[PDB]
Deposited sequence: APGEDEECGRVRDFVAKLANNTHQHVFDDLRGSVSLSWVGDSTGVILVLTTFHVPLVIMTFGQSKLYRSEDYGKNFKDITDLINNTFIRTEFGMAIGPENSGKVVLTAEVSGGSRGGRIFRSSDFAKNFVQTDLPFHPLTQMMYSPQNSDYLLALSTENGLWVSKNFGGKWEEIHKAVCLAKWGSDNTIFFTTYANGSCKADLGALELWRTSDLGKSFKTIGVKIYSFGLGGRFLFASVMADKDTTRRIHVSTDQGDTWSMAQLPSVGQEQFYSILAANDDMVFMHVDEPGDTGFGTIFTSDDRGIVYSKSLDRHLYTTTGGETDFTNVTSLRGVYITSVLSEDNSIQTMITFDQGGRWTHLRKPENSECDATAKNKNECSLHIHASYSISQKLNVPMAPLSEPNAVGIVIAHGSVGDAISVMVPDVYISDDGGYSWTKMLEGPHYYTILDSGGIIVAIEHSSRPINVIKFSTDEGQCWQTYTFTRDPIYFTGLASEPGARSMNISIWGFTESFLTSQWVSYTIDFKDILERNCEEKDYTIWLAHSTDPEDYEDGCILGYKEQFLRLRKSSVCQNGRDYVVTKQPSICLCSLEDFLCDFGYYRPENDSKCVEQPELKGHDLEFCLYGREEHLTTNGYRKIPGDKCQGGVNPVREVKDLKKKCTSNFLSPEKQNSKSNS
């Protein structure tokens, strides 16, 4: 280990200090492949605005460009999508004005222009995804304004608005009230849409509690008539048509939560009644309508709040989350196949089991995400994974039968969380750079620091480098989003009086050469057992990657395409989920009818639609792209009759 040498001179001339102000920093990046960062210091009545365009090595003061006005961080730096170059800062105005004033730029923060508004805004301005000139905003008077010219001229499109948000093709959705305000009429609201910037309108829902969008689907919770309860309803067509979901109804204390979504399907958390602090994950079909209990006792706090649920973006099908035992202990579960099967994380080879474990030899890894952090454990960062860095998952954890309160070490996976190893002893902050070419790490310490750790071989061997003589009290890392750069920015302040500072290191001269057709190796994703013909078949297909060698030392590059190739497996029965009304009694068997449809199953089979209710007892897993193999031969059967059979119906 530790083979890289002649490294001190390589980092020294590329280390780039820059100092700011006496002891509220606020950092926003502006566009990919630009190097444009914007700092907003706030003294609390004074503000100061800075600007690099060389990945935070050197900045220049542009407080002058906003007429040195006090800016409200509450709204914060509203950055536009893509490389539109748009920045909008919301100024404080003296009380008793007609409306507020905003500082707006559409040229990567080179020339800001002042603009007074006809209203006082309550929220940050929302940039349409389709067109970067199109903004909307909700006033203090609960009024939805819209501007087509990058916030130049605003038109109030509706009078009483509780929540609004954009969709695809410049479509605005929003919720409105009548007699009272929002909190009073919560439940009695109605949901509008406008296709055309408030010219035309359509009441696409009524007696709404709230609404939301995930991937392809529009969701809306709807109160029942003569009841305090509500039910989720799903539109795949901007609310022209609706269908009630196959999920249970909940009271006003309970909540729903879109854990994750895409074109294929949605993970839906449904809170368990009685102030339990947990619920149940359900995964959808491609319709978004039929659901399927994925995970029981999924940990999720009171009144919304925090969960450990985590899309491991560095491998397809992988999600981590945390669950509560009957015991009242917390264990971390992993799914490798989009929440069909869940299970314990493999115990690291380089680890003994902690005091939580009954057995000293055998236990599992457990992960510190948002919940550990909320409960004030010594956890600087949640888990990290970049999709370009295939395989790589970095997180803090305990090794045992539950999450332990002790000061955790940092563990790493290189295969999407099948296997793990201790990366660094004790808590660190970490950032992936150049698509897994260089991992970088800073220690979390009570006292100040002057060194940075880096690994060219994906966490297996670390190299220490002193980046400063006069040390700093570290606060955070900043890298360019996308994790393709090699320009980390190390932020902190001097020993206590005190002031802000940022040492920025390029790693160009460390990875001196670019990579070649020899550096990459073949790597199968999801390798259970190579002796099996169907090894790596997740969601009906395999993927084999070209992956950077650990031993090899080179830049992947800013234009590094992740090279993979699919292999489409045969369809077994496992690639099909059971449609409504059917289940699996025996483990690994056929989908067969449940005899007693009870609870929200009975609710759906009565109150529903015959299209979803008639079925052969099988549907393809969403995102499952198998070919050939088994196809359900079984005859279709209408399930509404069996349910209504028992009821005496009116003539």
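Counting from 1 along the deposited sequence, what's missing?
Gaps in the modelled chain, taken against the deposited sequence, lie at 1-7, 31-32, 54-61, 514-515, 671-678.
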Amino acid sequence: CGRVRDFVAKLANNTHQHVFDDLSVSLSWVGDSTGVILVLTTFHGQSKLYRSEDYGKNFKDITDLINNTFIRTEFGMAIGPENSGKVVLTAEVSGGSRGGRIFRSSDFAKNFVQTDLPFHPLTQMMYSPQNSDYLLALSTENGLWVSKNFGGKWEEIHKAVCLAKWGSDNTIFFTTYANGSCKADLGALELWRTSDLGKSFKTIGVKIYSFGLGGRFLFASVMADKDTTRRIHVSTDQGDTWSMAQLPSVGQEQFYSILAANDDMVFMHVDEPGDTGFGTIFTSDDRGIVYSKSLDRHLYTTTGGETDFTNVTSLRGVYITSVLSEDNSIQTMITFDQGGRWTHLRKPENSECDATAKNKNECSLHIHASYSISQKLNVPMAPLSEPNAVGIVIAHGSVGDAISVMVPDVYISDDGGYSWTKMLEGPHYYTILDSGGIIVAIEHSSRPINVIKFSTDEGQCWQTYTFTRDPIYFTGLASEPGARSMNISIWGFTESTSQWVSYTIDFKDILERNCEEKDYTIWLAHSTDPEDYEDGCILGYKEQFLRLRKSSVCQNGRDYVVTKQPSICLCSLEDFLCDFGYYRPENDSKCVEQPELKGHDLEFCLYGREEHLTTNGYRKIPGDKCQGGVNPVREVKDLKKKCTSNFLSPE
From here on, numbers count along this sequence of modelled residues.
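Between 577-585 and 412-420, name whichever shows the higher mean Cα B factor according to the PDB entry.
The entry gives the higher C-alpha B-factor average to 577-585.
Please compare 563-571 with 178-186 and say which has the higher mean C-alpha temperature factor in the record.
Higher mean C-alpha B-factor in the PDB entry: 178-186.
From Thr313, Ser195, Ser372, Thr280, can you pick the one with the highest C-alpha B factor in the entry?
By C-alpha B-factor in the record, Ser195 ranks first.
Reading the B-factor column of the entry, which of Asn111, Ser385, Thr335, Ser294 has the highest value at its C-alpha atom?
In this record, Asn111 carries the highest C-alpha B-factor of the candidates.
Which third, lowest, middle or highest, does the C-alpha temperature factor of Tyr55 belong to within its own chain?
Highest third.
Considering only modelled residues of the same chain, in which third does the CA B-factor of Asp64 rank: lowest, middle or highest?
As the PDB entry reports it, the C-alpha B-factor of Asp64 lands in the highest third of its chain.
Against its chain's modelled residues, does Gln555's Cα B factor rank lowest, middle or highest third?
Ranked within chain, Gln555 CA B lands in the middle tercile.
Place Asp624 in the lowest, middle or highest third of its chain's C-alpha B-factors, as listed in the PDB entry.
Lowest third of the chain for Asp624's C-alpha B-factor.
Should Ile394 be placed in the lowest, middle or highest third of its chain by the C-alpha B factor in the entry?
Lowest third.
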